[PDB]
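Asker: The following block contains the structure, expressed as structure tokens.
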Amino acid sequence: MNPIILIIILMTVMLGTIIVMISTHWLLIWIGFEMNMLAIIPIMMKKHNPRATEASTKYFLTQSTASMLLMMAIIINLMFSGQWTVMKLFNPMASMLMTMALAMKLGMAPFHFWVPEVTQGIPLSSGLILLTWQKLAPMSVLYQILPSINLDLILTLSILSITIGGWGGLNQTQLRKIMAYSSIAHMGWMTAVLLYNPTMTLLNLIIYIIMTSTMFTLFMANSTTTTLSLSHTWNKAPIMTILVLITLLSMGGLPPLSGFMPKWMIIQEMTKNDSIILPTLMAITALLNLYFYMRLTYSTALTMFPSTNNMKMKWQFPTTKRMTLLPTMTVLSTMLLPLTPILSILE
Amino acid sequence: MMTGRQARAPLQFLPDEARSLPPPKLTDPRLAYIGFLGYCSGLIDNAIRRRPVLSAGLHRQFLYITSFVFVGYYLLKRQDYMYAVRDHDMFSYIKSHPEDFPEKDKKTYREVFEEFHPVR
Amino acid sequence: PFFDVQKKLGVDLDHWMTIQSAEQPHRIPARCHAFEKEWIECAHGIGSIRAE
Amino acid sequence: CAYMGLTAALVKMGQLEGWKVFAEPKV
Amino acid sequence: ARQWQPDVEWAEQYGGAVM
Amino acid sequence: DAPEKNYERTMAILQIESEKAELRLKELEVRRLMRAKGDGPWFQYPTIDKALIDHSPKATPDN
Amino acid sequence: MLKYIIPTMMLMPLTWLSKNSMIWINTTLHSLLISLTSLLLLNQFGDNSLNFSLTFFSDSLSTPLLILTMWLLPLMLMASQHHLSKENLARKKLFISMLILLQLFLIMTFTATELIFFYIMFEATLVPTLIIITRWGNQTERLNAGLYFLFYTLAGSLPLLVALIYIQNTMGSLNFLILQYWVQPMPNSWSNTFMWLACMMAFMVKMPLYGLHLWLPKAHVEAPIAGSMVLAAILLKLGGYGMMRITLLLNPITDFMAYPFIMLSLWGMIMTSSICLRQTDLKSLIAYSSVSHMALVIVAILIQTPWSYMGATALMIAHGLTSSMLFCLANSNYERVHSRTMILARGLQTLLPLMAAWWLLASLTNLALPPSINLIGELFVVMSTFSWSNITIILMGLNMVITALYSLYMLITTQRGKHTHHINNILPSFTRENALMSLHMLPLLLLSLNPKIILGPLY
Amino acid sequence: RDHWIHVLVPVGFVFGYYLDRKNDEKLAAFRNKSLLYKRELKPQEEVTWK
Amino acid sequence: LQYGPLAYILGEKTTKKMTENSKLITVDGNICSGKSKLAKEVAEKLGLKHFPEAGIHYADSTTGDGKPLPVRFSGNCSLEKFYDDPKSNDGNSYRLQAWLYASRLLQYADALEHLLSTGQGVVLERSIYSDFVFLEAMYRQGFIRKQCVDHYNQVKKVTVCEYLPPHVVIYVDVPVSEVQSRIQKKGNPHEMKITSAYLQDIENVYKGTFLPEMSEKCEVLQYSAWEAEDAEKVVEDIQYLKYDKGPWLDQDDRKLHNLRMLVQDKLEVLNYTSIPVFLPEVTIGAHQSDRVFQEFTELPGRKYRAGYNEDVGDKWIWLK
Ligand SMILES: CCCCCCCCCCCCCCCCCC(=O)OC[C@H](COP(=O)([O-])OC[C@H](O)COP(=O)([O-])OC[C@H](COC(=O)CCCCCCCCCCCCCCCCC)OC(=O)CCCCCCCCCCCCCCCCC)OC(=O)CCCCCCCCCCCCCCCCC
Ligand SMILES: CCCCCCCCCCCCCCCCCC(=O)OC[C@H](COP(=O)(O)OCCN)OC(=O)CCCCCCCCCCCCCCCCC
Ligand SMILES: C=C(C)[C@H]1Cc2c(ccc3c2O[C@H]2COc4cc(OC)c(OC)cc4[C@@H]2C3=O)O1
Ligand SMILES: Nc1ncnc2c1ncn2[C@@H]1O[C@H](COP(=O)(O)O)[C@@H](O)[C@H]1O
């Protein structure tokens, strides 16, 4: 791909997210999602292989169905309110359809069935874009319509996402599918605290984006897409195994790491509202994703591995890959918990 | 929660009334922890590119510490501002609604009857 | 997030198609112009909780 | 025999002490 | 006498499609 | 440290922590009442700006 | 407490900027200086605890555990420096850094004024311990222990987290100083029953409890010597410290919720002590002895009398020193015979007389020979449990037979009898090893002279 | 200094001790104000403790 | 980086340096074909940069001081011990073959980098398109197992698709009799142990597999030994070739830019040489891997990145 055209297409992805973030009219929200989808389709087809065409077709169909449901929700809002402001909705049917459509755009359960496939078919940088930047716009629309969001629907979608993201990644050896089920579980964690405190939703979104960006940047720095190729990293660069160690421990929620920061605050904002059972079983399910993270770093990151002779050629060359923001993102994804009251800047 | 407050003057990182609040000192322990995060970032940057960790790029580690302290100073100003706004709204709401926060009568323990549970 | 760029920069990107009571071409009223004007002037500034 | 019975006991005591699982937002 | 490490038998359990 | 120093330092610690605990309970109650009634500066979800209304004479009179 | 945290952190530039042949000497010297500094915490008062700041405080419960923690680091650096000789220098500094980080977590775990900072530091201590055990454990076979750590996370620390956030919402604070004066009685209800289990089961697994002790004769076996020393000496005692803090809030429901778990310990110390009579593995025998001694601390905390708390904290300090010395003796034979089998190397008093003297002294402190503080803690717990119920003395005294029985058996098997013929690499005792045994035993013997500094806040 | 590494922990002690004294002034809201040790100040004295 | 996407934005195109002399010419033959001078003779008649045939230590010649590293560091394999015992116990056959194939992949990446960055054409000896002609000739002799062939085909499938075939393949006809005559007249006591069926299998995988697949994607020039003595006729045949086959025709600035971004990242070229397939001929254990890695760190100039080694005399590291 021509780098000028790549810059233009990435600016169009960013422009669609910005149009969803800033616009007051529902048609411009829909336009921003259309622009974002239309622009992100070539980023997935960067390498031009049939897995990326399958992934882009599945992503197209899911985001197009979600966009049609979003426009039907906007249209029922126009029936029952005669106007177009991006605020609370004026019909529970529009509320249900827009919550369903945004759940399809995020990849929340029961519409999760594309997120492990599409992330598998596309490269690591486009999977980084999909799992970080493509979460910003529907969380903004959910942030603005929360007076109309049905609590039972958003909590059903949230805990279904957390259970399916927990019990879907236990079986996984592919790193992109582990990140995709982790995505589904974290979107459940973001949307369950949405009607209680949306600032903690934003906190979970930013800490998730930092940790996911750290993980995909380490994946691009090591060129590892599987568990077993990740095991061959200590004999090439030993620090990269340490960084995927501390960042995967952070994404499951170990104290005293920074990825313990959001969900603890989320539990802290769900017991204020007298919900005890729900964050309890929610973090019970998060213990399962932490547990396969601890298998996936105990059994296959710490204790050192059989290597191959051609690796001794790769000792003679350093990494010339641009590891952009990787030490900053690794420090922020691990050592940020002593600054836990920074969350007030997101209020 | 407080999104109707910063909707009258939107997209202000630090508003004008934030200048009525005491800014953090440069020896703020939060800001010192942020500078330590910058030093850790410089060490991880020399570690991932196989440089001498404590030796190479002292100007680069200096810009890491400088840039994290620089960003974190304004982040801590906004943090202190938002907790000050939270307490200001709390106190003005309690003052504007005296019926909802009654001065409950303070009883000393000579009138308070607590049930004694013996450990035996 | 709703980063209100339109009010911060003072530009009118899409406030004009938002309601029926806005300035229309050739001063065409909507059929429920008066009702929507009354409801908007009722609910203005009091927040959505008090408006409902 | 174990987890079903413990869960049914939890639902019984949620009926008794008033445990909310889909609790309405109050603060 | 030294520390145990993964052999081929331990390492091949993480090389398939599914765990 | 002197017993005076530890004693009075303990009293200052207890003052600060009792004030913080009372303020946390008041923060909970303020958020509860402002979500219930909507009459405070929090939970002010936006409505339509009434400055967007065209108050000009229109094409037809009955409006 | 900031005159202790900052030198412990300055041990990190001390261990990474030290010359390659000097990194044990420098860390041992400066950690011994920190352990000498650690005696300033003995400024305790008969009414008030020593309250440093909003974040840190120290009564007479936390103070001896702090002194034992700051004393344990030089001993771990001595014990673990032999079997890391052929290690990489950077990996050796990583080991020392994880030890220093574990001490750093512990010395502000015991001084935590507020209970969720206690929770953060409490569950922060598991990570450097985990990395020390699984990166330097010399073999790793943990097929059943993964599911048990999942059980620890499910039944333990997470209900504690939800319960502490609930107390934060109800009381408005988790400062232990505020909770001394704002404690409400926790009455009989099902909500308060699950509240009690949430507040207690994490610390029940950390002690460990009988039936929940399944991790401890694995994690002690699969660990290096410094990991086993810090598990036996300090990391079990976090459970007892946390119980003695959290049982303030659990009155009076504890007075009928203690009855199952007390049984689990009173019978449990009968079983695990008996289990020590059939151990092939010496390190597993010392592990089950640690369970058999922490059962008494569980009972003494749950019966919540003054004599029981005094005996429980004295037993915690004494058992920390004693069981750490027992693991160091087990390693001082394992570094020679390269197997943990207790019937392999016998008759070692014929070969190592001074080391057999150390085995004899650690056995006599293990079986609570008076006037040692093992016996003082054991005895005060037995007195308080006699005040609880006059029949329990049987279950005490029978334990105090079997506790003698495996203590001398461990002495008789390893040190007495006929020496094993086909083992000829039994070297004389290095001065490092005898220094390690003496720096365990001589503080343990000097604390018999002045035991009042290890009897807790209500001495 | 040829032995500049043996002053990391001890100065790290003293500085730590320094910060402890620095926190005591922030906890002096009841210096000579408790009901137990309230007393009039002696001549040539401004505080009862530092 | 020196070259990247910004240089392609700021105007550095590689059709600006793509003249008629920019030809990747590959010279191929049997073990003693005598083509070693012929390639060099092409490099003194067309003005091209000659690359010698990649041995075990070609990566050593590219990095560091250029001197060959010890065999425990680089290779862990021996050509001469392969000549002695081709059916060895320690698996030297396929381990040597895989190390040589990774060396050829590194050399071919170097050749495409030099071609795309300078515009100067490159003459190679037995490139990555002609390495399996040893492998199958080993596997027809039973020197290696079937799993080694499957592993080699996986590595070749994931590495050879990414590149472009050469412009010209020059093959040298030297039969097995003349090869063995030049071996006996050479004087290497290890090389005089090479059998006849092995050389015949080399020549059969030449004439039956390599050239019948390269005769479509490029232009073959098949010479005998005495007519390859004259470089002038070979160069005369090269300079009157009408290049109309192969994917060099549809090469714009974008495809050649992506290829140049591929070949300058040497770890990305060598990415799938050590694929996670634990084959015992190439599997090093964990403790030996740790030992040789900690010894390779202690080699002078190898501890850090290249501009960051005070022992070899790097200055101003604190400002770098
Ligand atoms: C603050 C100042 C205080 C000053 C006073 C000191 C207070 C006590 C300090 C520690 C006392 C024990 C020290 C020696 C034992 C450890 C080393 C060892 O084994 O050496 C063998 C070695 C002699 O044997 P060897 O023939 O040369 O070589 C070894 C053989 O190959 C093989 O050996 P072996 O089998 O032929 O002979 C071993 C034998 C084996 O004998 C036994 O196992 C029999 C012991 C049990 C039955 C008899 C005692 C029953 C209890 C009644 C007595 C205590 C209360 C008395 C008060 C009145 C009544 C209430 O053990 C002894 O003879 C040791 C005598 C002392 C035993 C103390 C009780 C140990 C039993 C377990 C705990 C019991 C409760 C706690 C007691 C606490 C006492 C304060 O001794 C030495 O070379 C001495 C080294 C220097 C010792 C310095 C002691 C002070 C250290 C503290 C420094 C800081 C304070 C400054 C004071 C400095 C004073 C000079
Ligand atoms: C309230 C919300 C308001 C908005 C808040 C801000 C949200 C920030 C979200 C960040 C999302 C970043 C997505 C990735 C970057 C976008 C462009 C991109 O993809 O760059 C990668 C680029 C691709 O180059 P290419 O040549 O295609 O690589 C293939 C490898 N041969 O190059 C590479 O592949 C090089 C390898 C390293 C790339 C690392 C990129 C890290 C980017 C994330 C930084 C951290 C997030 C920002 C801070 C937190 C913000 C929430
Ligand atoms: C295999 C996976 C995913 C995990 C589980 C696991 C390890 C590594 C090590 C161990 C382990 O299981 C635990 C079980 O229980 C405790 C409990 C402990 O404390 C409560 C404790 O403290 C160090 C240690 C242990 C085991 C231990 O050594 O990796
Ligand atoms: N399987 C193999 N058997 C023999 N030689 C090989 C093999 N693979 C590569 N070669 C190389 O090919 C060279 C022969 O080419 P030449 O330079 O003409 O002698 C040998 O010296 C080896 O370096």
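Here's how to read the names in the structure tokens: chain A, B, ... by the order shown, residue numbers from 1 in each chain, ligand numbers from 1 in the order shown.
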Restrict the distance test to only C-alpha atoms, flag each residue of chain A within 6 Å of chain B, and return the flagged residues as a list in words.
Answerer: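 Close enough to count are residues 327, 328, 342, 344 and 345 of chain A.
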Asker: So that I have them on file, write out the residues from the current selection with C-alpha atoms, as a PDB file, in the first residue's frame.
Answerer:
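Saved to selection.pdb:
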```
ATOM      1  CA  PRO A 327       8.480   1.488  27.006  1.00  0.00           C
ATOM      2  CA  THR A 328       5.979   4.234  27.886  1.00  0.00           C
ATOM      3  CA  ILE A 342      -6.000  10.170  38.408  1.00  0.00           C
ATOM      4  CA  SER A 344     -11.046  12.234  38.201  1.00  0.00           C
ATOM      5  CA  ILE A 345      -9.583  13.822  35.062  1.00  0.00           C
TER       6      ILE A 345
END
```
Asker: What does the list of residues within 8 Å of ligand 3 look like if you count only C-alpha atoms and all ligand atoms, written as JSON, numbers by chain?
Answerer: {"A": [291, 292, 293, 294, 295, 296, 297, 298, 299], "G": [126, 129, 130, 131, 133, 134, 142, 143, 144, 145, 146, 147, 148, 149, 150, 152, 205, 206, 214, 215, 216, 218, 219, 220, 222, 223, 227, 231, 235]}
Asker: Grab the residues selected above and save them as a PDB file, in the first residue's frame with C-alpha atoms.
Answerer:
```pdb
ATOM      1  CA  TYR A 291      -6.140 -18.210  35.613  1.00  0.00           C
ATOM      2  CA  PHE A 292      -5.539 -19.084  32.000  1.00  0.00           C
ATOM      3  CA  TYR A 293      -3.218 -16.063  31.836  1.00  0.00           C
ATOM      4  CA  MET A 294      -1.268 -17.640  34.684  1.00  0.00           C
ATOM      5  CA  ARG A 295      -1.139 -20.957  32.842  1.00  0.00           C
ATOM      6  CA  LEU A 296      -0.153 -19.076  29.670  1.00  0.00           C
ATOM      7  CA  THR A 297       2.731 -17.386  31.461  1.00  0.00           C
ATOM      8  CA  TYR A 298       3.736 -20.059  34.003  1.00  0.00           C
ATOM      9  CA  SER A 299       3.767 -23.087  31.722  1.00  0.00           C
TER      10      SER A 299
ATOM     11  CA  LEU G 126       2.313 -13.305  46.295  1.00  0.00           C
ATOM     12  CA  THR G 129       7.179 -15.148  45.981  1.00  0.00           C
ATOM     13  CA  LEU G 130       5.561 -16.823  42.954  1.00  0.00           C
ATOM     14  CA  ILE G 131       8.422 -15.754  40.688  1.00  0.00           C
ATOM     15  CA  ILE G 133       9.412 -20.284  43.600  1.00  0.00           C
ATOM     16  CA  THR G 134       8.851 -20.925  39.892  1.00  0.00           C
ATOM     17  CA  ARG G 142       2.400 -28.271  39.503  1.00  0.00           C
ATOM     18  CA  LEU G 143      -0.408 -30.148  37.765  1.00  0.00           C
ATOM     19  CA  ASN G 144      -2.658 -30.222  40.852  1.00  0.00           C
ATOM     20  CA  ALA G 145      -1.532 -26.920  42.404  1.00  0.00           C
ATOM     21  CA  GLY G 146      -2.841 -24.738  39.572  1.00  0.00           C
ATOM     22  CA  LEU G 147      -6.415 -25.740  40.387  1.00  0.00           C
ATOM     23  CA  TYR G 148      -5.659 -25.167  44.060  1.00  0.00           C
ATOM     24  CA  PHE G 149      -4.424 -21.626  43.393  1.00  0.00           C
ATOM     25  CA  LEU G 150      -7.651 -21.092  41.469  1.00  0.00           C
ATOM     26  CA  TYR G 152      -7.434 -19.876  46.696  1.00  0.00           C
ATOM     27  CA  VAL G 205      -5.933 -20.483  53.499  1.00  0.00           C
ATOM     28  CA  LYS G 206      -2.923 -18.276  54.293  1.00  0.00           C
ATOM     29  CA  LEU G 214      -2.905 -28.878  50.331  1.00  0.00           C
ATOM     30  CA  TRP G 215      -0.708 -26.153  48.856  1.00  0.00           C
ATOM     31  CA  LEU G 216       1.846 -25.989  51.583  1.00  0.00           C
ATOM     32  CA  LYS G 218       3.915 -28.619  47.572  1.00  0.00           C
ATOM     33  CA  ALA G 219       4.940 -24.955  47.557  1.00  0.00           C
ATOM     34  CA  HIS G 220       7.549 -25.642  50.233  1.00  0.00           C
ATOM     35  CA  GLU G 222       9.114 -26.964  44.816  1.00  0.00           C
ATOM     36  CA  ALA G 223      10.815 -23.779  46.103  1.00  0.00           C
ATOM     37  CA  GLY G 227      11.296 -19.026  49.249  1.00  0.00           C
ATOM     38  CA  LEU G 231       6.926 -18.891  53.397  1.00  0.00           C
ATOM     39  CA  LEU G 235       4.018 -15.427  54.656  1.00  0.00           C
TER      40      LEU G 235
END
```
Asker: Pull the strand (DSSP E or B) assignments for region 68-194 of chain I out of DSSP run on the backbone, and list those residues as a VMD selection string.
Answerer: chain I and resid 122 to 125 168 to 173
Asker: Which residues are near residue 17 (chain E)? Cut-off 12 Å, only C-alpha atoms, ignore same chain within fewer than 5 positions. Put them as a PyMOL selection string.
Answerer: (chain A and resi 120+171-175+177+225-228) or (chain E and resi 12)
Asker: Residues of chain I that have any atom at most 12 Å from an atom of ligand 2: could you tabulate them with the shortest-distance atom pair and the distance in Å to one decimal, using only C-alpha atoms and all ligand atoms, ordered by chain and increasing number, as CSV?
Answerer:
```
residue,atom,partner,partner_atom_place_in_ligand_line,distance
I:4,CA,ligand 2,26 (O),9.3
I:5,CA,ligand 2,26 (O),8.1
I:6,CA,ligand 2,26 (O),11.2
I:257,CA,ligand 2,26 (O),11.4
I:258,CA,ligand 2,26 (O),9.3
I:259,CA,ligand 2,31 (N),11.3
I:260,CA,ligand 2,31 (N),11.8
I:261,CA,ligand 2,31 (N),8.2
I:262,CA,ligand 2,31 (N),8.2
I:263,CA,ligand 2,31 (N),11.7
I:264,CA,ligand 2,31 (N),11.7
I:265,CA,ligand 2,31 (N),9.6
I:267,CA,ligand 2,31 (N),11.9
I:268,CA,ligand 2,31 (N),9.1
I:269,CA,ligand 2,31 (N),11.9
```
Asker: Record the distance separating atom 2 (C, counted along the ligand's line) of ligand 4 and CA of residue 311 (chain A), expressed in Å with one decimal.
Answerer: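 These two atoms are separated by 21.0 Å.
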Asker: Return as a ChimeraX atom specification the residues of protein, DNA or RNA that approach ligand 4 to within 8 Å, with only C-alpha atoms and all ligand atoms taken into account.
Answerer: /I:29-36,53-56,79,82-83,93,96-97,100,125,131,134-135,137-138
Asker: Just need the residues of chain G within 7 Å of chain A, counting only C-alpha atoms, so spit them out as a PyMOL selection string.
Answerer: chain G and resi 120+123-124+135+150+154+165-166+169
Asker: Could you turn the residues from that selection into a file that holds C-alpha atoms, as a PDB file, in the first residue's frame?
Answerer:
```
ATOM      1  CA  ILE G 120      -3.171  -4.558  48.079  1.00  0.00           C
ATOM      2  CA  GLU G 123      -1.901  -9.828  47.566  1.00  0.00           C
ATOM      3  CA  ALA G 124       1.176  -8.008  46.292  1.00  0.00           C
ATOM      4  CA  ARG G 135      12.074 -19.481  38.459  1.00  0.00           C
ATOM      5  CA  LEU G 150      -7.651 -21.092  41.469  1.00  0.00           C
ATOM      6  CA  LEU G 154     -12.107 -18.010  44.326  1.00  0.00           C
ATOM      7  CA  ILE G 165     -15.293  -2.538  49.771  1.00  0.00           C
ATOM      8  CA  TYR G 166     -18.623  -3.216  51.514  1.00  0.00           C
ATOM      9  CA  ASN G 169     -19.307   1.831  51.912  1.00  0.00           C
TER      10      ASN G 169
END
```
Asker: Which residues are near ligand 1 in this structure, taking near to mean any atom at most 9 Å from a ligand atom and counting only C-alpha atoms and all ligand atoms? Format them as number ranges by chain.
Answerer: G: 349, 352-358, 360-366, 368-375, 437-438, 441-449
Asker: Extract, using only C-alpha atoms, all DNA, RNA and protein residues at most 8 Å from residue 9 (chain G), discarding same-chain residues fewer than 6 positions from it, and format them as an mmCIF file with N, CA, C and O atoms, in the first residue's frame.
Answerer:
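Output below, filename part-v6.cif:
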```cif
data_model
loop_
_atom_site.group_PDB
_atom_site.id
_atom_site.type_symbol
_atom_site.label_atom_id
_atom_site.label_comp_id
_atom_site.auth_asym_id
_atom_site.auth_seq_id
_atom_site.Cartn_x
_atom_site.Cartn_y
_atom_site.Cartn_z
ATOM 1 N N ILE G 100 14.152 -8.433 47.816
ATOM 2 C CA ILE G 100 14.040 -7.074 48.335
ATOM 3 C C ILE G 100 12.630 -6.535 48.132
ATOM 4 O O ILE G 100 12.061 -5.897 49.024
ATOM 5 N N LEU G 101 12.025 -6.840 46.985
ATOM 6 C CA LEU G 101 10.666 -6.399 46.706
ATOM 7 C C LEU G 101 9.655 -7.100 47.602
ATOM 8 O O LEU G 101 8.664 -6.487 48.013
ATOM 9 N N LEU G 104 9.929 -5.376 50.863
ATOM 10 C CA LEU G 104 9.313 -4.066 50.703
ATOM 11 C C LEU G 104 7.800 -4.154 50.799
ATOM 12 O O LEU G 104 7.158 -3.303 51.419
#
```
Asker: With only C-alpha atoms considered, list every residue of chain H at most 10 Å from chain F, as a PyMOL selection string.
Answerer: chain H and resi 23-38+48-50
Asker: Quick one: write out the picked residues with N, CA, C and O atoms as a compact mmCIF listing (two decimals), in the first residue's frame?
Answerer:
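Result saved to again14.txt:
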```
# COMPACT_ATOMS: atom_id res chain seq x y z
N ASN H 23 6.65 14.72 58.08
CA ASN H 23 5.23 14.43 58.17
C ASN H 23 4.68 14.81 59.53
O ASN H 23 3.47 15.06 59.64
N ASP H 24 5.54 14.93 60.55
CA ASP H 24 5.06 15.21 61.90
C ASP H 24 4.49 16.61 62.01
O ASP H 24 3.47 16.82 62.69
N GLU H 25 5.08 17.57 61.30
CA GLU H 25 4.53 18.91 61.20
C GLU H 25 3.18 18.93 60.50
O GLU H 25 2.36 19.82 60.78
N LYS H 26 2.90 17.97 59.62
CA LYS H 26 1.58 17.89 59.03
C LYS H 26 0.57 17.19 59.92
O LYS H 26 -0.61 17.10 59.55
N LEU H 27 0.99 16.70 61.09
CA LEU H 27 0.08 16.03 62.02
C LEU H 27 0.11 16.71 63.38
O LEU H 27 -0.12 16.08 64.41
N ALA H 28 0.38 18.02 63.38
CA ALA H 28 0.53 18.79 64.60
C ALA H 28 -0.69 19.66 64.87
O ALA H 28 -0.57 20.74 65.46
N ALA H 29 -1.86 19.20 64.45
CA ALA H 29 -3.07 19.99 64.66
C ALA H 29 -3.51 19.98 66.11
O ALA H 29 -4.27 20.86 66.54
N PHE H 30 -3.06 19.00 66.89
CA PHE H 30 -3.37 18.92 68.32
C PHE H 30 -2.12 19.04 69.18
O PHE H 30 -2.10 18.53 70.30
N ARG H 31 -1.08 19.69 68.68
CA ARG H 31 0.09 19.98 69.50
C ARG H 31 -0.29 20.97 70.59
O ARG H 31 -0.69 22.10 70.28
N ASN H 32 -0.19 20.53 71.85
CA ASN H 32 -0.59 21.27 73.05
C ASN H 32 -2.08 21.64 73.00
O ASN H 32 -2.49 22.71 73.44
N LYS H 33 -2.90 20.75 72.44
CA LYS H 33 -4.33 20.98 72.35
C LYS H 33 -5.17 19.80 72.82
O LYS H 33 -6.39 19.93 72.87
N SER H 34 -4.56 18.67 73.15
CA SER H 34 -5.29 17.54 73.71
C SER H 34 -5.75 17.86 75.12
O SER H 34 -5.22 18.74 75.79
N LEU H 35 -6.75 17.11 75.59
CA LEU H 35 -7.21 17.31 76.96
C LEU H 35 -6.30 16.65 77.98
O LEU H 35 -6.55 16.79 79.18
N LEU H 36 -5.25 15.95 77.55
CA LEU H 36 -4.38 15.23 78.46
C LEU H 36 -3.08 15.97 78.71
O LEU H 36 -2.58 15.97 79.84
N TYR H 37 -2.49 16.57 77.68
CA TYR H 37 -1.20 17.22 77.81
C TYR H 37 -1.27 18.71 77.52
O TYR H 37 -0.24 19.31 77.17
N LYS H 38 -2.43 19.34 77.64
CA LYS H 38 -2.49 20.78 77.48
C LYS H 38 -1.84 21.47 78.67
O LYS H 38 -2.06 21.12 79.83
N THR H 48 5.57 22.40 71.84
CA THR H 48 5.87 21.37 72.84
C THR H 48 6.67 20.22 72.24
O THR H 48 7.41 19.54 72.96
N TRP H 49 6.54 19.99 70.94
CA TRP H 49 7.33 18.97 70.26
C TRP H 49 7.53 19.38 68.81
O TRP H 49 6.82 20.23 68.28
N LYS H 50 8.52 18.75 68.18
CA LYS H 50 8.87 19.09 66.80
C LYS H 50 8.80 17.86 65.90
O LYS H 50 9.77 17.54 65.21
```
Asker: List the spatial neighbours of residue 3 (chain G) as number ranges by chain - criterion: any atom at most 7 Å away, only C-alpha atoms, same-chain residues fewer than 4 positions off excluded.
Answerer: G: 7; H: 13, 16-17
Asker: Among chain E, which residues carry a DSSP assignment of helix (DSSP H, G or I), reported as a list in words?
Answerer: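 Answer for chain E, restricted to helix (DSSP H, G or I): residues 8, 9, 10, 11, 12, 13 and 14 of chain E.
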Asker: Residues of chain I no more than 8 Å from chain A, counting only C-alpha atoms: send them over as a compact mmCIF listing (two decimals) with C-alpha atoms, in the first residue's frame.
Answerer:
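Saved file part04.txt follows:
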```
# COMPACT_ATOMS: atom_id res chain seq x y z
CA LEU I 1 15.89 3.99 10.03
CA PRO I 5 8.14 5.03 4.25
CA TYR I 8 9.34 6.89 -0.26
CA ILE I 9 7.17 9.92 0.54
CA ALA I 59 26.23 -14.02 8.73
CA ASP I 60 29.53 -13.67 10.57
CA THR I 63 28.02 -8.56 11.27
CA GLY I 64 30.48 -7.43 13.90
CA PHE I 73 28.25 -19.82 18.23
CA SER I 74 27.51 -19.84 14.51
CA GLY I 75 26.40 -22.91 12.61
CA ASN I 76 26.75 -25.63 15.25
CA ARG I 95 21.32 -29.00 10.63
CA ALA I 98 19.14 -25.59 7.40
CA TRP I 99 21.95 -23.30 8.53
CA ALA I 102 19.22 -19.51 6.36
CA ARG I 254 5.17 0.38 -4.42
CA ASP I 265 14.76 -5.97 8.28
CA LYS I 266 17.14 -8.87 8.79
CA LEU I 267 15.17 -10.39 11.67
CA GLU I 268 12.04 -10.32 9.51
CA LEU I 270 15.16 -14.70 9.17
CA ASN I 271 11.77 -14.78 10.93
CA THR I 273 14.01 -19.96 9.58
CA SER I 274 13.58 -21.14 13.17
CA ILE I 275 9.88 -22.00 13.02
CA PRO I 276 8.42 -23.65 16.16
CA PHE I 278 10.85 -29.22 17.37
CA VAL I 282 17.80 -28.58 14.85
CA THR I 283 16.37 -28.60 18.39
CA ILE I 284 18.83 -27.23 20.93
CA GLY I 285 17.93 -27.86 24.55
CA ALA I 286 17.08 -25.12 27.00
CA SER I 289 20.61 -22.52 24.46
CA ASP I 290 21.05 -20.47 27.64
CA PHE I 293 23.49 -17.28 24.49
CA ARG I 302 28.25 -8.62 20.67
CA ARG I 305 23.78 -2.91 19.99
```
